[PDB]
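Data from my_file-v9.cif: mmCIF, C-alpha atoms
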data_final
#
loop_
_atom_site.label_atom_id
_atom_site.label_comp_id
_atom_site.auth_asym_id
_atom_site.auth_seq_id
_atom_site.Cartn_x
_atom_site.Cartn_y
_atom_site.Cartn_z
CA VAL A 146 103.54 80.44 122.31
CA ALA A 147 103.96 83.57 124.48
CA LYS A 148 107.75 83.73 123.83
CA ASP A 149 107.18 82.49 120.22
CA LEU A 150 104.50 85.23 119.76
CA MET A 151 107.03 87.80 121.13
CA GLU A 152 109.66 86.52 118.62
CA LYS A 153 107.07 86.85 115.78
CA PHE A 154 106.34 90.46 116.94
CA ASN A 155 110.12 91.17 116.93
CA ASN A 156 110.35 89.77 113.34
CA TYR A 157 107.40 92.04 112.33
CA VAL A 158 109.26 95.03 113.92
CA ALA A 159 112.42 94.09 111.92
CA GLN A 160 110.28 93.98 108.74
CA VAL A 161 108.84 97.44 109.59
CA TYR A 162 112.43 98.74 110.10
CA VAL A 163 113.39 97.30 106.66
CA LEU A 164 110.30 99.03 105.12
CA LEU A 165 111.43 102.33 106.76
CA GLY A 166 114.94 101.82 105.27
CA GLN A 167 113.35 101.22 101.81
CA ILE A 168 111.19 104.38 102.17
CA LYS A 169 113.94 105.51 104.59
CA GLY A 170 117.73 104.94 104.27
CA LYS A 171 118.26 101.25 105.24
CA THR A 172 119.36 100.88 108.94
CA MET A 173 117.69 97.39 109.03
CA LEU A 174 120.55 96.03 111.22
CA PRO A 175 119.77 98.47 114.10
CA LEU A 176 116.10 97.29 114.02
CA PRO A 177 117.29 93.62 113.82
CA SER A 178 119.43 93.87 117.01
CA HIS A 179 117.52 92.70 120.16
CA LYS A 180 116.48 95.40 122.72
CA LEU A 181 116.78 94.90 126.54
CA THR A 182 117.72 91.19 126.06
CA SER A 183 117.79 89.25 129.39
CA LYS A 190 117.55 84.59 123.88
CA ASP A 191 120.51 83.24 121.81
CA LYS A 192 118.09 82.58 118.88
CA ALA A 193 116.82 86.21 119.12
CA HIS A 194 120.43 87.50 118.65
CA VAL A 195 120.76 85.18 115.56
CA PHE A 196 117.53 86.73 114.13
CA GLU A 197 119.10 90.23 114.50
CA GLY A 198 122.22 88.94 112.64
CA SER A 199 120.10 87.61 109.72
CA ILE A 200 118.57 91.12 109.25
CA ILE A 201 122.15 92.59 109.10
CA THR A 202 123.02 90.16 106.23
CA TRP A 203 120.02 91.49 104.19
CA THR A 204 121.35 95.10 104.49
CA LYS A 205 124.75 94.10 102.96
CA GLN A 206 122.87 92.28 100.11
CA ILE A 207 120.87 95.49 99.34
CA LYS A 208 124.11 97.52 98.83
CA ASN A 209 125.47 94.78 96.47
CA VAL A 210 122.11 94.58 94.56
CA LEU A 211 122.22 98.33 93.66
CA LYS A 212 124.40 98.89 90.54
CA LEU A 213 125.06 101.64 87.91
CA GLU A 214 124.34 99.10 85.09
CA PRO A 215 120.79 98.29 86.36
CA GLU A 216 119.74 102.00 86.10
CA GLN A 217 121.33 102.12 82.59
CA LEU A 218 119.32 99.02 81.48
CA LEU A 219 115.97 100.70 82.39
CA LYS A 220 116.37 103.70 79.99
CA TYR A 221 117.44 106.79 82.04
CA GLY A 222 121.29 107.01 82.05
CA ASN A 223 121.16 110.87 81.91
CA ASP A 224 124.48 112.70 82.62
CA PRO A 225 122.85 114.53 85.59
CA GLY A 226 121.10 111.31 86.74
CA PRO A 227 124.27 109.14 86.78
CA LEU A 228 126.10 111.67 89.04
CA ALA A 229 123.00 111.83 91.32
CA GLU A 230 122.85 107.99 91.50
CA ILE A 231 126.57 107.87 92.51
CA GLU A 232 125.92 110.62 95.13
CA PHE A 233 122.85 108.71 96.46
CA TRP A 234 124.89 105.45 96.59
CA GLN A 235 127.77 107.26 98.39
CA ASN A 236 125.27 108.83 100.86
CA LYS A 237 123.68 105.38 101.49
CA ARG A 238 127.18 103.86 102.01
CA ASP A 239 128.12 106.77 104.36
CA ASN A 240 124.82 106.26 106.26
CA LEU A 241 125.51 102.47 106.29
CA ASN A 242 129.06 103.10 107.63
CA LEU A 243 127.58 105.37 110.36
CA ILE A 244 124.85 102.70 110.91
CA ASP A 245 127.57 99.98 111.11
CA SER A 246 129.31 101.88 113.97
CA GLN A 247 125.93 101.82 115.82
CA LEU A 248 125.35 98.22 114.55
CA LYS A 249 128.77 97.12 115.97
CA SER A 250 127.76 97.44 119.69
CA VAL A 251 129.69 95.73 122.56
CA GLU A 252 126.73 93.30 123.06
CA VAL A 253 126.56 92.59 119.27
CA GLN A 254 130.28 91.57 119.29
CA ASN A 255 129.59 89.12 122.19
CA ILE A 256 126.77 87.43 120.16
CA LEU A 257 129.22 86.93 117.21
CA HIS A 258 131.74 85.25 119.60
CA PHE A 259 129.08 82.69 120.70
CA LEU A 260 128.86 80.93 117.27
CA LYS A 264 130.56 82.63 114.37
CA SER A 265 130.93 81.92 110.60
CA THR A 266 127.70 83.89 109.90
CA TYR A 267 129.02 86.84 111.96
CA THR A 268 132.33 86.71 110.02
CA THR A 269 130.51 86.79 106.64
CA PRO A 270 128.55 90.02 107.51
CA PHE A 271 131.66 91.62 109.16
CA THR A 272 133.67 90.94 105.95
CA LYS A 273 130.73 92.31 103.89
CA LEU A 274 130.79 95.51 106.06
CA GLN A 275 134.59 95.86 105.50
CA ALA A 276 133.99 95.43 101.73
CA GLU A 277 131.27 98.17 101.90
CA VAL A 278 133.75 100.48 103.76
CA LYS A 279 136.26 99.91 100.89
CA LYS A 280 133.58 100.04 98.10
CA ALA A 281 132.28 103.14 100.04
CA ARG A 282 135.72 104.89 99.77
CA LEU A 283 135.68 104.10 96.01
CA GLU A 284 132.03 105.41 95.95
CA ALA A 285 133.17 108.68 97.66
CA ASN A 286 135.81 109.19 94.92
CA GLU A 287 133.09 108.29 92.34
CA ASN A 288 130.76 110.84 94.12
CA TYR A 289 133.34 113.67 93.72
CA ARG A 290 133.58 112.70 90.01
CA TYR A 291 129.71 112.54 89.97
CA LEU A 292 129.48 116.12 91.41
CA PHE A 293 131.75 117.30 88.56
CA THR A 294 129.50 115.38 86.08
CA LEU A 295 126.40 116.92 87.84
CA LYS A 296 127.81 120.42 87.13
CA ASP A 297 128.27 119.25 83.50
CA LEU A 298 124.62 117.91 83.58
CA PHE A 299 123.38 121.32 84.88
CA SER A 300 125.14 122.96 81.90
CA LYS A 301 122.79 120.61 79.89
CA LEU A 302 119.75 120.13 82.22
CA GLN A 303 119.29 123.96 82.43
CA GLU A 304 118.79 124.08 78.59
CA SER A 305 115.26 125.24 77.52
CA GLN A 306 115.65 123.21 74.24
CA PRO A 307 116.25 126.47 72.27
CA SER A 308 119.55 126.83 70.30
CA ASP A 309 122.29 125.17 72.52
CA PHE A 310 123.69 122.78 69.82
CA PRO A 311 125.43 125.69 67.96
CA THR A 312 127.05 126.55 71.36
CA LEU A 313 126.95 123.08 73.05
CA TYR A 314 129.06 121.54 70.23
CA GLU A 315 131.82 124.12 70.96
CA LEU A 316 131.22 123.49 74.73
CA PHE A 317 131.42 119.67 74.23
CA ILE A 318 135.26 119.63 73.78
CA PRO A 319 136.02 121.34 77.18
CA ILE A 320 133.41 119.12 78.96
CA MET A 321 135.11 116.01 77.45
CA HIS A 322 138.53 117.40 78.58
CA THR A 323 137.36 117.75 82.24
CA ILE A 324 136.42 114.00 82.30
CA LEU A 325 139.90 113.10 80.91
CA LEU A 326 141.46 115.10 83.82
CA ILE A 327 139.07 113.44 86.36
CA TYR A 328 140.49 109.90 85.78
CA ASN A 329 144.08 111.12 86.49
CA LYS A 330 143.21 113.12 89.68
CA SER A 331 141.37 110.20 91.41
CA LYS A 332 143.91 107.41 90.39
CA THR A 333 142.51 104.77 92.89
CA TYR A 334 138.95 105.25 91.47
CA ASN A 335 137.31 101.76 91.47
CA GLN A 336 135.23 100.54 88.44
CA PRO A 337 136.96 103.08 86.11
CA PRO A 338 135.97 101.03 83.00
CA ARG A 339 132.35 100.73 84.32
CA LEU A 340 132.25 104.54 84.92
CA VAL A 341 133.20 105.14 81.22
CA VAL A 342 130.05 103.17 80.16
CA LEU A 343 128.06 105.60 82.41
CA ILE A 344 129.69 108.63 80.66
CA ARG A 345 128.89 107.52 77.05
CA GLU A 346 125.34 106.70 78.30
CA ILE A 347 125.06 110.24 79.80
CA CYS A 348 126.27 111.87 76.52
CA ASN A 349 123.92 109.77 74.29
CA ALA A 350 120.94 110.36 76.65
CA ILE A 351 121.57 114.17 76.65
CA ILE A 352 121.94 114.15 72.80
CA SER A 353 118.62 112.23 72.39
CA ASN A 354 116.66 114.85 74.43
CA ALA A 355 118.15 117.71 72.31
CA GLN A 356 117.40 115.81 69.03
CA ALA A 357 113.73 115.24 70.05
CA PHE A 358 113.21 119.00 70.76
CA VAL A 359 114.68 119.94 67.32
CA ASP A 360 112.28 117.60 65.41
CA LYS A 361 109.17 115.83 66.91
CA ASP A 362 105.89 117.74 66.22
CA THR A 363 107.78 120.80 64.81
CA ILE A 364 109.46 118.66 62.08
CA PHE A 365 106.06 117.11 61.10
CA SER A 366 104.38 120.58 61.01
CA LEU A 367 107.15 122.01 58.73
CA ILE A 368 107.12 119.08 56.21
CA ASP A 369 103.28 119.39 55.93
CA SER A 370 103.55 123.18 55.25
CA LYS A 371 106.55 122.55 52.89
CA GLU A 372 107.47 126.30 53.02
CA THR A 373 110.65 125.84 55.15
CA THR A 374 114.11 124.80 53.79
CA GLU A 375 116.51 126.57 56.24
CA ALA A 376 114.81 124.46 58.98
CA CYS A 377 115.82 121.27 57.05
CA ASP A 378 119.45 122.59 57.06
CA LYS A 379 119.07 123.26 60.85
CA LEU A 380 118.13 119.54 61.37
CA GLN A 381 121.45 118.59 59.64
CA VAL A 382 123.23 121.16 61.91
CA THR A 383 121.84 119.39 65.04
CA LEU A 384 123.30 116.08 63.71
CA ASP A 385 126.65 117.90 63.14
CA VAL A 386 126.65 118.80 66.90
CA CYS A 387 126.28 115.02 67.52
CA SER A 388 129.24 114.37 65.13
CA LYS A 389 131.29 117.09 66.94
CA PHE A 390 130.70 115.31 70.30
CA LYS A 391 131.99 112.04 68.73
CA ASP A 392 134.93 113.97 67.14
CA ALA A 393 135.64 115.58 70.56
CA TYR A 394 135.39 112.11 72.20
CA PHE A 395 137.93 110.79 69.63
CA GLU A 396 140.12 113.90 70.25
CA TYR A 397 139.80 113.19 74.02
CA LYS A 398 141.06 109.59 73.41
CA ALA A 399 144.18 110.98 71.63
CA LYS A 400 144.62 113.46 74.55
CA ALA A 401 144.02 110.55 77.00
CA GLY A 402 146.88 108.53 75.38
CA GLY A 403 145.95 104.87 76.04
CA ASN A 404 143.14 103.30 78.15
CA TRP A 405 140.57 104.66 75.60
CA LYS A 406 137.83 102.24 76.84
CA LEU A 407 134.41 103.84 75.88
CA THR A 408 133.18 100.95 73.58
CA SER A 409 131.23 103.57 71.51
CA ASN A 410 130.99 101.04 68.59
CA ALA A 411 128.40 99.10 70.67
CA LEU A 412 127.93 101.74 73.44
CA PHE A 413 127.62 104.47 70.73
CA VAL A 414 125.28 102.26 68.58
CA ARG A 415 122.27 103.83 70.42
CA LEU A 416 123.59 107.34 69.51
CA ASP A 417 124.64 106.05 66.03
CA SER A 418 121.15 104.55 65.37
CA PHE A 419 119.41 107.88 66.21
CA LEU A 420 121.79 109.77 63.84
CA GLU A 421 121.19 107.23 61.01
CA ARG A 422 117.37 107.67 61.32
CA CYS A 423 117.81 111.50 61.39
CA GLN A 424 120.15 111.35 58.32
CA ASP A 425 117.52 109.32 56.35
CA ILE A 426 114.88 112.04 57.10
CA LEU A 427 117.40 114.71 55.93
CA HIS A 428 118.15 112.68 52.74
CA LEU A 429 114.37 112.45 52.01
CA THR A 430 113.55 116.02 53.24
CA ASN A 431 116.09 117.49 50.73
CA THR A 432 114.44 115.53 47.84
CA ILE A 433 110.97 116.96 48.80
CA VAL A 434 112.35 120.56 48.42
CA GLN A 435 113.60 119.66 44.88
CA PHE A 436 110.08 118.44 43.87
CA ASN A 437 108.55 121.86 44.77
CA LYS A 438 111.01 123.57 42.31
CA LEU A 439 109.93 121.11 39.53
CA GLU A 440 106.27 122.32 39.74
CA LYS A 441 107.42 125.98 39.24
CA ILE A 442 109.46 125.08 36.09
CA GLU A 443 107.82 126.31 32.82
CA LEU A 444 110.24 125.25 30.01
CA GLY A 445 107.69 125.90 27.19
CA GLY A 446 110.06 124.38 24.57
CA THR A 447 109.08 122.41 21.40
CA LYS A 448 106.03 120.23 22.24
CA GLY A 449 103.95 121.89 25.01
CA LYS A 450 101.11 121.05 27.52
CA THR A 451 101.43 117.21 27.21
CA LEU A 452 104.97 117.42 28.70
CA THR A 453 103.68 119.91 31.34
CA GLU A 454 100.72 117.59 32.18
CA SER A 455 103.19 114.69 32.73
CA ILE A 456 105.36 117.05 34.89
CA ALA A 457 102.22 118.18 36.80
CA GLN A 458 101.28 114.51 37.49
CA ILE A 459 104.87 113.86 38.76
CA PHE A 460 104.62 116.90 41.10
CA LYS A 461 101.19 115.60 42.29
CA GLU A 462 102.73 112.09 42.65
CA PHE A 463 105.31 113.59 45.09
CA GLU A 464 102.48 115.37 47.00
CA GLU A 465 100.56 112.02 47.18
CA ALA A 466 103.68 110.39 48.73
CA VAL A 467 103.87 113.31 51.24
CA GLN A 468 100.15 112.74 52.10
CA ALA A 469 100.96 109.08 52.94
CA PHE A 470 104.21 110.06 54.78
CA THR A 471 102.70 113.56 55.41
CA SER A 472 99.86 112.03 57.55
CA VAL A 473 102.63 110.49 59.78
CA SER A 474 100.33 108.40 62.05
CA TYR A 475 102.50 107.68 65.18
CA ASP A 476 106.12 107.85 63.82
CA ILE A 477 107.50 111.40 64.62
CA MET A 478 111.07 110.04 63.96
CA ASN A 479 111.10 107.82 67.10
CA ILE A 480 114.55 106.12 67.42
CA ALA A 481 112.87 103.09 69.10
CA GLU A 482 110.07 102.78 66.47
CA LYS A 483 111.21 100.92 63.29
CA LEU B 519 115.20 131.04 34.22
CA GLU B 520 115.86 134.69 35.23
CA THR B 521 114.82 133.86 38.84
CA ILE B 522 117.15 130.78 38.75
CA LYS B 523 119.92 133.05 37.31
CA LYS B 524 119.33 135.51 40.22
CA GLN B 525 119.76 132.66 42.77
CA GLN B 526 123.17 131.74 41.23
CA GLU B 527 124.39 135.37 41.72
CA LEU B 528 123.21 135.14 45.39
CA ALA B 529 124.99 131.73 45.70
CA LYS B 530 128.43 133.33 44.98
CA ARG B 531 127.67 136.02 47.66
CA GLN B 532 126.53 133.43 50.28
CA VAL B 533 129.82 131.42 49.97
CA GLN B 534 132.03 134.58 49.90
CA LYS B 535 130.20 136.00 52.99
CA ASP B 536 129.60 132.83 55.12
CA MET B 537 133.00 131.20 54.33
CA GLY B 538 136.16 133.23 55.16
CA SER B 539 139.94 132.52 55.18
CA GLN B 540 141.11 130.76 58.42
CA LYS B 541 137.48 130.57 59.72
CA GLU B 542 138.36 127.29 61.55
CA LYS B 543 141.49 128.89 63.13
CA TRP B 544 139.35 131.66 64.74
CA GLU B 545 136.92 128.97 66.06
CA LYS B 546 139.88 126.89 67.39
CA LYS B 547 141.26 129.93 69.31
CA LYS B 548 137.81 130.44 70.96
CA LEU B 549 137.70 126.68 71.84
CA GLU B 550 141.22 126.87 73.39
CA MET B 551 140.15 129.85 75.59
CA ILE B 552 137.04 127.87 76.75
CA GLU B 553 139.24 124.80 77.51
CA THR B 554 141.69 126.91 79.62
CA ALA B 555 138.77 128.42 81.61
CA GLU B 556 137.26 124.91 82.12
CA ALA B 557 140.66 123.57 83.32
CA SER B 558 140.88 126.36 85.97
CA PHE B 559 137.28 125.58 87.11
CA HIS B 560 138.01 121.80 87.33
CA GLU B 561 141.04 122.49 89.62
CA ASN B 562 138.75 124.58 91.91
CA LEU B 563 136.16 121.73 91.89
CA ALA B 564 138.96 119.26 92.88
CA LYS B 565 140.04 121.62 95.75
CA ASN B 566 136.65 121.71 97.61
CA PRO B 567 136.66 118.03 98.88
CA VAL B 568 140.40 118.27 99.81
#

Can you present the structure in this file as structure tokens?
Amino acid sequence: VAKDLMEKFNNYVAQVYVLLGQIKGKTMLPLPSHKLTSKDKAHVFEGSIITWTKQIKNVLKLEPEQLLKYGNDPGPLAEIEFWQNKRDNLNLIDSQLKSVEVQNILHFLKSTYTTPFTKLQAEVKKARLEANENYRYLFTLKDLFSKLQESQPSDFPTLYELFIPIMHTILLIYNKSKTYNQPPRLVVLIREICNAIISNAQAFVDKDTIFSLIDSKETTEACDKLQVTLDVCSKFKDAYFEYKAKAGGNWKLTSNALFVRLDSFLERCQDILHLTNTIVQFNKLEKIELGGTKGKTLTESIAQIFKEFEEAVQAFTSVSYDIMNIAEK
Amino acid sequence: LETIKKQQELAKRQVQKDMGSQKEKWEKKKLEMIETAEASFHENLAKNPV
């Protein structure tokens, strides 16, 4: 059991190395490789650890981050940069991983060695594509900063004008790269970044402030401002359409389904605007004093109607939960 | 009714003031200048890795 116990200790050390890579940046294969070897099985154990590292790179994907909310314009660029850095570290790790002794172990029975070596070559390719994606990601990160920096004050009246140039830079980015892998997949990331940025801006405009205004019912210009924020959203879509014409073919995007998230938020906001405008009209009705022909009974009926509207506001006005959440139906 | 009549007079003034001839054209010129500046910046961004 002495040698078996030593092998178990080596496996535990490999697991610790994998844990460091998880908290740390991979490098499981270096930990897997045997140290000061005098057997053949021990070298095979090191090889198995190397296979896990290639699987981890494949497991990470842009789509998985998008599925779990997130998908911010700054975040997508950061994820690409992190993936490129991990691939670069893995490539540097592979050089260290591909030792003279390691090559000899592969020669002494060899299909498993060939599968990891091919996986490493694929990572080197995927890694070059990732580096191009990372340069694109840095450009997107600058775009994200021009949005992340925002203190949620104004911005839409300026951001809408700024949206067209930002869209134009992305159009230029596809042409400059040319060999950029997963170009269609990257588009999905873009639309997700735009919609995610728009949602944060929309929440700041309404949320508690929108509820406080409706309850007071002394603000109208603010209701117009809510429509203006939606316009900014429409301008981004218009700019995106304009970008497609400028792009000339290979439109991709899939906004119809990809833009449904953004479209759903706008539809909910539009319904509030349609109802908010009606509430302003009801306030004017209370002020009206026609005093024509029959009097008082008509006014009492009008007064009840004005009260009726206030009663509806008290139900809607209380707004338990709600707050115009796009997710809440 | 007089207050409502006063609002209508203000309504003509709001449209005449807020809306002006070729308002969109002035906005488009500003957008074109921003696009040209962005294009120059993007070329510089492309240059750093190369």

Skip region 254-256 of chain A itself and residues of its chain fewer than 3 positions away, then list as a ChimeraX atom specification all residues within 10 Å of it, counting all atoms listed in the file.
-> /A:191,194-195,197-198,248-251,259-260,264,267

Quick one: residues within 10 Å of residue 357 (chain A), all atoms listed in the file counted, chain neighbours fewer than 2 positions away excluded, as JSON, numbers by chain?
-> {"A": [306, 352, 353, 354, 355, 359, 360, 361, 362, 363, 364, 477, 478, 479, 480]}

Let me see the file: selected residues, C-alpha atoms, as an mmCIF file, keeping the file's coordinate frame.
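What landed in again16.cif:
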data_model
loop_
_atom_site.group_PDB
_atom_site.id
_atom_site.type_symbol
_atom_site.label_atom_id
_atom_site.label_comp_id
_atom_site.auth_asym_id
_atom_site.auth_seq_id
_atom_site.Cartn_x
_atom_site.Cartn_y
_atom_site.Cartn_z
ATOM 1 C CA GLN A 306 115.650 123.210 74.240
ATOM 2 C CA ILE A 352 121.940 114.150 72.800
ATOM 3 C CA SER A 353 118.620 112.230 72.390
ATOM 4 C CA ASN A 354 116.660 114.850 74.430
ATOM 5 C CA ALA A 355 118.150 117.710 72.310
ATOM 6 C CA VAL A 359 114.680 119.940 67.320
ATOM 7 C CA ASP A 360 112.280 117.600 65.410
ATOM 8 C CA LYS A 361 109.170 115.830 66.910
ATOM 9 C CA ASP A 362 105.890 117.740 66.220
ATOM 10 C CA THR A 363 107.780 120.800 64.810
ATOM 11 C CA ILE A 364 109.460 118.660 62.080
ATOM 12 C CA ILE A 477 107.500 111.400 64.620
ATOM 13 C CA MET A 478 111.070 110.040 63.960
ATOM 14 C CA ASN A 479 111.100 107.820 67.100
ATOM 15 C CA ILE A 480 114.550 106.120 67.420
#

Skipping near chain neighbours, those fewer than 6 positions away, what residues fall within 10 Å of residue 428 (chain A) using only C-alpha atoms, listed as number ranges by chain?
-> A: 377, 381, 422

Since we have the selection now, will you write its residues out, keeping C-alpha atoms, as an mmCIF file, in the frame of the given file?
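The resulting file, selection-v8.cif, is shown below:
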data_model
loop_
_atom_site.group_PDB
_atom_site.id
_atom_site.type_symbol
_atom_site.label_atom_id
_atom_site.label_comp_id
_atom_site.auth_asym_id
_atom_site.auth_seq_id
_atom_site.Cartn_x
_atom_site.Cartn_y
_atom_site.Cartn_z
ATOM 1 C CA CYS A 377 115.820 121.270 57.050
ATOM 2 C CA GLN A 381 121.450 118.590 59.640
ATOM 3 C CA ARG A 422 117.370 107.670 61.320
#

Please determine the contact residues of chain A with respect to chain B at a cut-off of 9 Å, counting all atoms listed in the file, and supply them as JSON, numbers by chain.
-> {"A": [289, 290, 292, 293, 315, 316, 318, 319, 320, 322, 323, 326, 327, 330, 442, 443, 444]}

Next, dump the selected residues to file, keeping only C-alpha atoms, as a compact mmCIF listing (two decimals), in the frame of the given file.
# COMPACT_ATOMS: atom_id res chain seq x y z
CA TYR A 289 133.34 113.67 93.72
CA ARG A 290 133.58 112.70 90.01
CA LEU A 292 129.48 116.12 91.41
CA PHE A 293 131.75 117.30 88.56
CA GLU A 315 131.82 124.12 70.96
CA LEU A 316 131.22 123.49 74.73
CA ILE A 318 135.26 119.63 73.78
CA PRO A 319 136.02 121.34 77.18
CA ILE A 320 133.41 119.12 78.96
CA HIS A 322 138.53 117.40 78.58
CA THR A 323 137.36 117.75 82.24
CA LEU A 326 141.46 115.10 83.82
CA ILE A 327 139.07 113.44 86.36
CA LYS A 330 143.21 113.12 89.68
CA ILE A 442 109.46 125.08 36.09
CA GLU A 443 107.82 126.31 32.82
CA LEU A 444 110.24 125.25 30.01

In Å, with one decimal, what is the gap from CA of residue 308 (chain A) to CA of residue 407 (chain A)?
->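 Computing the Euclidean distance for CA of residue 308 (chain A) and CA of residue 407 (chain A) yields 27.9 Å.
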
How many Å lie between CA of residue 325 (chain A) and CA of residue 296 (chain A), rounded to one decimal?
->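 Separating CA of residue 325 (chain A) from CA of residue 296 (chain A) is a distance of 15.4 Å.
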
Check what the PyMOL selection byres ((chain A and resi 397-399) around 12) selects in the file above and give those residues as a PyMOL selection string.
-> chain A and resi 317-326+341+389-396+400-409

Kindly provide, as JSON, the centre and edge lengths (Å, one decimal) of an axis-aligned box around all atoms of region 205-223 of chain A given in the file, with 6 Å on each side.
{"center_x": 120.7, "center_y": 101.6, "center_z": 91.5, "size_x": 21.5, "size_y": 30.6, "size_z": 35.0}

Nearest residue to residue 253 (chain A) from the set A:237, A:180, A:280, A:483 (distances using all atoms listed in the file) = A:180

Figure out the distance between CA of residue 178 (chain A) and CA of residue 152 (chain A), please, to one decimal in Å.
-> 12.3 Å

Rank A:348, A:165, A:481, A:466 by their smallest atom-to-atom distance to residue 429 (chain A), using all atoms listed in the file, and report the top residue only.
-> A:466

Resolved residues for the PyMOL selection byres ((chain A and resi 169-176) around 12) as an MDAnalysis selection string | chainID A and resid 155:168 177:180 194:208 233:250 253 270 274

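Nearest to residue 226 (chain A) of all the residues A:148, A:371, A:258, A:301 is A:301, based on all atoms listed in the file.
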